[PDB]
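As they're listed, the protein sequences go chains B and A.
In case it helps, PDB author numbering puts the first sequence at residues 19 to 152.
In case it helps, PDB author numbering puts the second sequence at residues 5 to 211.
The beta-carbon is built from N, C-alpha and C at its ideal position, and this holds for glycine as well.
Below: one structure, written as structure tokens.
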Amino acid sequence: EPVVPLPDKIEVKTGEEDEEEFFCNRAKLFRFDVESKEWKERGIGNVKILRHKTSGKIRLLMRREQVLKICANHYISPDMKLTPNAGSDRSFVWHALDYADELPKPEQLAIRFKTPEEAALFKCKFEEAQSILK
Amino acid sequence: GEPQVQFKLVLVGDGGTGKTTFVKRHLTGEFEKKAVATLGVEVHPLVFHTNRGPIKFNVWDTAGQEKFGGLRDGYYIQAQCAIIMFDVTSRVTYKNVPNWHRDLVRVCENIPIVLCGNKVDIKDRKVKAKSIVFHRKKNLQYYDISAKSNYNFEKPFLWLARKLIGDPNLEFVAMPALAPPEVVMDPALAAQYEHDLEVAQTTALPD
Ligand SMILES: Nc1nc2c(ncn2[C@@H]2O[C@H](COP(=O)(O)OP(=O)(O)NP(=O)(O)O)[C@@H](O)[C@H]2O)c(=O)[nH]1
Ligand SMILES: [Mg+2]
């Protein structure tokens, strides 16, 4: 029979308040499945490139729509290579230590955009982020 | 997990309706194309963030084929909510919904229950939304959903969260992006990392 206190609102803290946006755009994210040797979908939603204002580290962060769970979260490295898929100028693949699942897990990731312009802008900013990480 | 707020959620419905697929879609983001019948029950945690804090559903993904399992009346014990899945492409799965409801409520009197008509992505519904009257009774709720296209895919959980927490304005909020741990890869095997990254670049993206 005990009833319970409507818990309190907490302030919504996104974790990005210490960062600055370099890039923000909706996209579709894929994860390469090592076992089946096929791409598997990881999420659709907004990709962001963020620079910490203090450490100056720049990471890639992505959120799934509606549920707003993280589906990508890893520091961008100069060692990274963005490599378009097939002949597609709407998509790229790269290797990363991702922390979406709150665990540092190696993944090969593919990201596809709606217009080749958006993809070009993603590449451009991505590579631009590494331009300060050399 | 550390959220102090959690719920037992049992997910029921005929085999082939897309229950396990749905849970998985919430779980990893993937869309399992294949049909592998759930054996009995699989328990999977789903955490959501809200303007009132983190909540967790302990989802009991039961198999809908009659044939897999035993005591499912037993799986249902102390369940605080449920989803009943049916397939809008297959009316039998909707006509059987009433037994799922009877069977659940006789084990749990007051549970908020959602009816989901999965697979609305499929071009011709044989069971339209406007034929859905099952929710009429209070503590019931219906949604058209699709695990293929994400249509309404957060809603059953939003609604249940709202019900079980007691806040009709409760909102899912952005999962906080914790700083990713200062741990990079080992470049000694970076020599190796490329070819599987190629295997990737050699593999067309579906569509
Ligand atoms: N077109 C389409 N197919 C879907 C959708 N959701 C699930 N499916 C398909 O439904 C089939 C059965 O999935 P599954 O989740 O295993 O059904 P189930 O209810 O778990 N079966 P069981 O009760 O026996 O475990 C799969 O082949 C999957 O591709 C959807 O939104 N659209
Ligand atoms: Mg199942």
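Taking 8 Å as the CB threshold, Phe61 (chain A) stays off the interface with chain B. A direct Cα-to-Cα measurement between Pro210 (chain A) and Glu56 (chain B) gives close to 9 Å. C-alpha of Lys31 (chain B) to C-alpha of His92 (chain B): approximately 19 Å in a straight line.
Neighbours of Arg77 (chain B) in chain A, taken as residues at a C-beta separation under 8 Å, are given in chain order as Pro184. Closest option to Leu100 (chain B), judged by alpha-carbon separation, among B:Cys89, B:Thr72 and B:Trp112: B:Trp112. Non-local C-beta neighbours of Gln82 (chain A) in its own chain, meaning closer than 7 Å and more than five positions away in sequence, comprise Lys12, ordered along the chain. Linking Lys75 (chain B) to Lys123 (chain B) through their CA atoms gives a straight-line distance of about 19 Å. Nearest to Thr97 (chain A) by C-alpha distance, out of A:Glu70, A:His30 and A:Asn114, is A:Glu70.
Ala181 (chain A) has no beta-bridge partner at all, per DSSP. The stretch 147 to 158 of chain A makes contact with the stretch 23 to 31 of chain A, as at least three CB pairs between them are under 8 Å. Shown here, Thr32 (chain A) sits in a helix according to DSSP, grouped into three states. With respect to chain A, the C-beta atom of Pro134 (chain B) has no partner C-beta closer than 8 Å.
Around the CB of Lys143 (chain B), 16 or more other CB atoms lie within 10 Å, so the residue is classed as buried. Contact of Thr72 (chain B) with chain A is not assigned, every C-beta pair being separated by 8 Å or more.
If you look at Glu34 (chain B), you'll find it isn't in any alpha helix (DSSP H); DSSP assigns it neither H nor E. Neighbourhood of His30 (chain A) in chain B, by CB distance below 9 Å: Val85 and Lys87, in chain order.
Counting C-beta pairs closer than 8 Å gives three or more between the stretch 113 to 126 of chain A and the stretch 163 to 182 of chain A, which meets the contact rule. Within the same chain, Cβ atoms closer than 6 Å to the Cβ of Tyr146 (chain A) are found at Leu119, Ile136 and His139, the five residues on either side in sequence being excluded. Relative to ligand 2, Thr206 (chain A) has its C-beta separated by 7 Å or more from all heavy atoms.
Shown here, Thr21 (chain A) sits in coil according to DSSP, grouped into three states, outside any helix or strand.
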